[PDB]
Amino acid sequence: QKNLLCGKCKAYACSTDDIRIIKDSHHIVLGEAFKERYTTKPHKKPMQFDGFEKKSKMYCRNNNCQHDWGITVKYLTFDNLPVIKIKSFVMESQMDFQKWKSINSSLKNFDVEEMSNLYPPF
Ligand SMILES: [Zn+2]
């Protein structure tokens, strides 16, 4: 439905249709195209209480920007899963993504069967 932009440089980030919510907290982004729009630096940690194993920090790929976009994690069998920092984004016009969430219907919940269809284990 709507597009998120990097809050610092305004480069296109992703669509709200791309976002899934895990455990009513984590905002993950579906699709391999999104991975073209950020870079990462390693920051591996063992599993935390909710089953996220941190792998990296995400940065806007605009080299003049490099805004903190979030982290990537492994959750279940899904590695390199981007978890966006919702404070880091604004909406295409200008309101920020946190404001937009507050006045819009809830985003779609994560569905493991949908995820498995998109990223099959074979
Ligand atoms: Zn940026």
# chains A, B, ... in the order shown; residues from 1 in each chain; ligands from 1
>>> residues_near_ligand(ligand="ligand 1", cutoff="6 Å", atoms="only C-alpha atoms and all ligand atoms", output="PyMOL selection string")
chain A and resi 6+8-11+60+62+65-67
>>> residues_around(residues="residue 91 of chain A", least_positions_apart="3", cutoff="7 Å", atoms="only C-alpha atoms", output="PyMOL selection string")
chain A and resi 3-5+94-97
>>> closest_residue(among="A:117, A:14, A:122, A:98", to="residue 36 of chain A", atoms="only C-alpha atoms")
A:14
>>> atom_distance(atom1="atom CA of residue 53 of chain A", atom2="atom CA of residue 75 of chain A")
6.6 Å
>>> residues_around(residues="residue 106 of chain A", least_positions_apart="2", cutoff="12 Å", atoms="only C-alpha atoms", output="VMD selection string")
chain A and resid 16 to 17 19 to 21 24 to 25 27 98 100 to 104 108 to 109
>>> closest_residue(among="A:23, A:99, A:85, A:37", to="residue 52 of chain A", atoms="only C-alpha atoms")
A:23
>>> select_by_dssp(residues="segment 43-105 of chain A", states="strand (DSSP E or B)", output="ChimeraX atom specification")
/A:52-60,68-75,78-84,89-91,96
>>> atom_distance(atom1="atom CA of residue 31 of chain A", atom2="atom CA of residue 48 of chain A")
24.5 Å
>>> residues_around(residues="residue 79 of chain A", least_positions_apart="4", cutoff="12 Å", atoms="only C-alpha atoms", output="PyMOL selection string")
chain A and resi 28+44+51-56+71-75+83+115+119+121
>>> write_last_selection(atoms="N, CA, C and O atoms", output="JSON list (two decimals), in the first residue's frame")
[["chain", "number", "residue", "atom", "x", "y", "z"],
["A", 28, "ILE", "N", 10.00, -7.42, 9.95],
["A", 28, "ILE", "CA", 10.89, -8.02, 8.96],
["A", 28, "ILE", "C", 10.42, -7.68, 7.55],
["A", 28, "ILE", "O", 9.26, -7.35, 7.34],
["A", 44, "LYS", "N", 27.59, -10.84, 15.22],
["A", 44, "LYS", "CA", 26.96, -12.12, 15.56],
["A", 44, "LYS", "C", 26.78, -12.25, 17.06],
["A", 44, "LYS", "O", 27.70, -11.99, 17.81],
["A", 51, "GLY", "N", 14.16, -16.10, 20.25],
["A", 51, "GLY", "CA", 14.59, -16.95, 19.13],
["A", 51, "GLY", "C", 15.31, -16.24, 18.00],
["A", 51, "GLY", "O", 15.49, -16.81, 16.95],
["A", 52, "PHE", "N", 15.70, -15.00, 18.20],
["A", 52, "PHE", "CA", 16.50, -14.26, 17.22],
["A", 52, "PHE", "C", 17.98, -14.44, 17.52],
["A", 52, "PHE", "O", 18.41, -14.18, 18.65],
["A", 53, "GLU", "N", 18.75, -14.85, 16.52],
["A", 53, "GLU", "CA", 20.20, -14.96, 16.60],
["A", 53, "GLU", "C", 20.72, -13.82, 15.71],
["A", 53, "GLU", "O", 20.63, -13.89, 14.49],
["A", 54, "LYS", "N", 21.25, -12.76, 16.32],
["A", 54, "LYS", "CA", 21.75, -11.61, 15.57],
["A", 54, "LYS", "C", 22.92, -11.99, 14.69],
["A", 54, "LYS", "O", 23.80, -12.77, 15.09],
["A", 55, "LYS", "N", 22.92, -11.44, 13.47],
["A", 55, "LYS", "CA", 23.99, -11.71, 12.52],
["A", 55, "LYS", "C", 24.74, -10.46, 12.11],
["A", 55, "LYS", "O", 25.96, -10.51, 11.93],
["A", 56, "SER", "N", 24.03, -9.35, 11.91],
["A", 56, "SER", "CA", 24.66, -8.14, 11.34],
["A", 56, "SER", "C", 23.88, -6.89, 11.64],
["A", 56, "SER", "O", 22.74, -6.97, 12.07],
["A", 71, "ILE", "N", 18.93, -4.57, 11.82],
["A", 71, "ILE", "CA", 19.84, -5.70, 11.98],
["A", 71, "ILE", "C", 19.38, -6.82, 11.09],
["A", 71, "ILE", "O", 18.23, -6.83, 10.66],
["A", 72, "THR", "N", 20.24, -7.78, 10.79],
["A", 72, "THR", "CA", 19.76, -9.05, 10.26],
["A", 72, "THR", "C", 19.97, -10.12, 11.31],
["A", 72, "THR", "O", 20.87, -10.03, 12.16],
["A", 73, "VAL", "N", 19.11, -11.12, 11.26],
["A", 73, "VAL", "CA", 19.07, -12.21, 12.24],
["A", 73, "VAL", "C", 18.82, -13.55, 11.56],
["A", 73, "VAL", "O", 18.45, -13.61, 10.39],
["A", 74, "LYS", "N", 19.00, -14.64, 12.30],
["A", 74, "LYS", "CA", 18.38, -15.89, 11.95],
["A", 74, "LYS", "C", 17.22, -16.11, 12.92],
["A", 74, "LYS", "O", 17.37, -15.93, 14.14],
["A", 75, "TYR", "N", 16.08, -16.49, 12.37],
["A", 75, "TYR", "CA", 14.91, -16.88, 13.14],
["A", 75, "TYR", "C", 14.41, -18.15, 12.50],
["A", 75, "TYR", "O", 14.21, -18.20, 11.29],
["A", 83, "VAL", "N", 15.53, -7.09, 9.97],
["A", 83, "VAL", "CA", 14.63, -6.61, 10.99],
["A", 83, "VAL", "C", 14.84, -5.10, 11.03],
["A", 83, "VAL", "O", 15.89, -4.63, 11.51],
["A", 115, "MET", "N", 6.32, -17.93, 4.63],
["A", 115, "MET", "CA", 7.76, -17.73, 4.57],
["A", 115, "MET", "C", 8.42, -18.93, 3.88],
["A", 115, "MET", "O", 9.29, -18.76, 3.05],
["A", 119, "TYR", "N", 10.70, -18.91, 0.63],
["A", 119, "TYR", "CA", 12.06, -19.37, 0.80],
["A", 119, "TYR", "C", 12.03, -20.86, 1.10],
["A", 119, "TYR", "O", 12.17, -21.29, 2.25],
["A", 121, "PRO", "N", 12.86, -24.83, 1.55],
["A", 121, "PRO", "CA", 14.02, -25.47, 2.15],
["A", 121, "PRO", "C", 14.71, -26.48, 1.22],
["A", 121, "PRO", "O", 15.51, -27.31, 1.66]]
>>> closest_residue(among="A:29, A:112, A:76, A:84", to="residue 58 of chain A", atoms="only C-alpha atoms")
A:84
>>> residues_around(residues="residue 61 of chain A", least_positions_apart="2", cutoff="6 Å", atoms="only C-alpha atoms", output="list in words")
residues 37, 38, 39 and 63 of chain A
>>> closest_residue(among="A:12, A:110, A:34, A:49", to="residue 82 of chain A", atoms="only C-alpha atoms")
A:34
>>> select_by_dssp(residues="chain A", states="alpha helix (DSSP H)", output="list in words")
residues 97, 98, 99, 100, 101, 102, 112, 113, 114, 115, 116, 117 and 118 of chain A
>>> write_last_selection(atoms="N, CA and C atoms", output="PDB file, in the first residue's frame")
ATOM      1  N   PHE A  97       7.452   6.695   9.723  1.00  0.00           N
ATOM      2  CA  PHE A  97       6.833   5.373   9.743  1.00  0.00           C
ATOM      3  C   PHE A  97       6.137   5.081  11.084  1.00  0.00           C
ATOM      4  N   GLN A  98       6.711   5.517  12.204  1.00  0.00           N
ATOM      5  CA  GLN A  98       6.035   5.319  13.497  1.00  0.00           C
ATOM      6  C   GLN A  98       4.686   6.047  13.511  1.00  0.00           C
ATOM      7  N   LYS A  99       4.638   7.275  13.001  1.00  0.00           N
ATOM      8  CA  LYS A  99       3.356   8.004  12.944  1.00  0.00           C
ATOM      9  C   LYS A  99       2.361   7.271  12.056  1.00  0.00           C
ATOM     10  N   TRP A 100       2.803   6.861  10.877  1.00  0.00           N
ATOM     11  CA  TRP A 100       1.968   6.137   9.953  1.00  0.00           C
ATOM     12  C   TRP A 100       1.379   4.899  10.587  1.00  0.00           C
ATOM     13  N   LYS A 101       2.185   4.122  11.299  1.00  0.00           N
ATOM     14  CA  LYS A 101       1.677   2.913  11.940  1.00  0.00           C
ATOM     15  C   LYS A 101       0.525   3.248  12.894  1.00  0.00           C
ATOM     16  N   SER A 102       0.684   4.336  13.626  1.00  0.00           N
ATOM     17  CA  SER A 102      -0.259   4.705  14.697  1.00  0.00           C
ATOM     18  C   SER A 102      -1.629   5.076  14.163  1.00  0.00           C
ATOM     19  N   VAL A 112       4.647 -18.663   9.008  1.00  0.00           N
ATOM     20  CA  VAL A 112       5.760 -19.542   8.687  1.00  0.00           C
ATOM     21  C   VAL A 112       5.537 -20.288   7.367  1.00  0.00           C
ATOM     22  N   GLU A 113       4.286 -20.621   7.057  1.00  0.00           N
ATOM     23  CA  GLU A 113       3.997 -21.316   5.801  1.00  0.00           C
ATOM     24  C   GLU A 113       4.182 -20.376   4.607  1.00  0.00           C
ATOM     25  N   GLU A 114       3.791 -19.108   4.750  1.00  0.00           N
ATOM     26  CA  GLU A 114       4.068 -18.120   3.711  1.00  0.00           C
ATOM     27  C   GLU A 114       5.577 -17.967   3.522  1.00  0.00           C
ATOM     28  N   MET A 115       6.316 -17.928   4.633  1.00  0.00           N
ATOM     29  CA  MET A 115       7.759 -17.734   4.567  1.00  0.00           C
ATOM     30  C   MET A 115       8.422 -18.925   3.880  1.00  0.00           C
ATOM     31  N   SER A 116       7.991 -20.127   4.239  1.00  0.00           N
ATOM     32  CA  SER A 116       8.501 -21.343   3.615  1.00  0.00           C
ATOM     33  C   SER A 116       8.201 -21.431   2.114  1.00  0.00           C
ATOM     34  N   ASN A 117       7.053 -20.916   1.692  1.00  0.00           N
ATOM     35  CA  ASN A 117       6.733 -20.847   0.265  1.00  0.00           C
ATOM     36  C   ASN A 117       7.668 -19.904  -0.474  1.00  0.00           C
ATOM     37  N   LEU A 118       7.949 -18.758   0.137  1.00  0.00           N
ATOM     38  CA  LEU A 118       8.830 -17.761  -0.457  1.00  0.00           C
ATOM     39  C   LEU A 118      10.301 -18.205  -0.436  1.00  0.00           C
TER      40      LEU A 118
END
